[PDB]
């Protein structure tokens, strides 16, 4: 009678770049090699990032064919959309097929779709495209979530939750996907917000299948259960994150006190979701914190007092992929369940009963989804 995660799939584009070689690549293919001062500010953040590699659609050749994207301030939304209109629902398809395989059921049994992305937008949306790409039924009930940032991962789950629970027999396909072709910019002295993003942002795609009352006889296997899903605006945070969709693509602004505002308010958000269960100790849980850089983790960590033991899964994704936007949190969920089977843990939650999903985005906004593990045999 409660919603459950029945399958999980992930994927990234084949092309990847090592962080050790990114500063040279980023300044060479923007003809900004002469900005010696910025090359140092950027390099220091790369070292502090503790990110090893990132996947990208954008290659050295594709940027040569799109100088508008390679020039800061220049109009390029025309060229950016030509790429995103196709590659985003396509990368999603790759992920959906992996999760539909584990599910091991007929395509016709899918009745809903929830697509979440900030990378590109048009009409019809990616939710129509992937419906035709996967060959789903023409009567699937779709819900498109455009431009909700990095918390959209928690949003998608909250929407799918009420869908599966209010429609008997319902099976929901959820897809998160991103592509740095939307937010890529060349270095600029006045707008140093870019510097932080270009040493962080990557792309990827995750896919989930939600459904109530798992049919064990049919071959369905629950992975996580969803007990609750809340959303909260953070007090005194107006303006901390703002992103505009201009002719130059997405132009974003970061205030110097994003982490302190999240840090000094996360305690209250946890207290609300977990009192119905009588939980107080924050180390009795498994976590899937949105990897919004080391600061956000190492800072949400200290406040709640989370030991390094429980941040292994979240820090692992950050290191091997970077910030993939809304797909980061589903990536970390797949990380746990799989790591748990290898290490012989009693449950899919690293041997723990309850866990939490933390998504962070503009507002400030915080999405909190309470999860429950299942036994491993």
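Positions refer to the first chain, counted from 1.
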Please compare 54 to 62 with 325 to 333 and name the stretch with the higher mean C-alpha B-factor in the deposited structure.
54 to 62
On average, which has the higher Cα B-factor in the deposited entry, 193 to 201 or 83 to 91?
193 to 201
Per the coordinate record, which of the options 254, 209, 114, 277 holds the highest CA temperature factor?
254
Please pick out which of 296, 233, 163, 175 has the largest Cα B-factor as recorded in the entry.
296
Among the modelled residues of this chain, does the Cα B factor of residue 188 put it in the lowest, middle or highest third?
highest
Based on the deposited C-alpha B factors for this chain, I'd like to know if residue 75 is in the lowest, middle or highest third.
middle
The third of the chain into which the C-alpha temperature factor of residue 118 falls is the middle
Sorting the chain's modelled residues by C-alpha B-factor and splitting them into thirds places residue 263 in the highest
By its CA B factor, does residue 364 count among the lowest, middle or highest third of the modelled residues in the chain?
middle
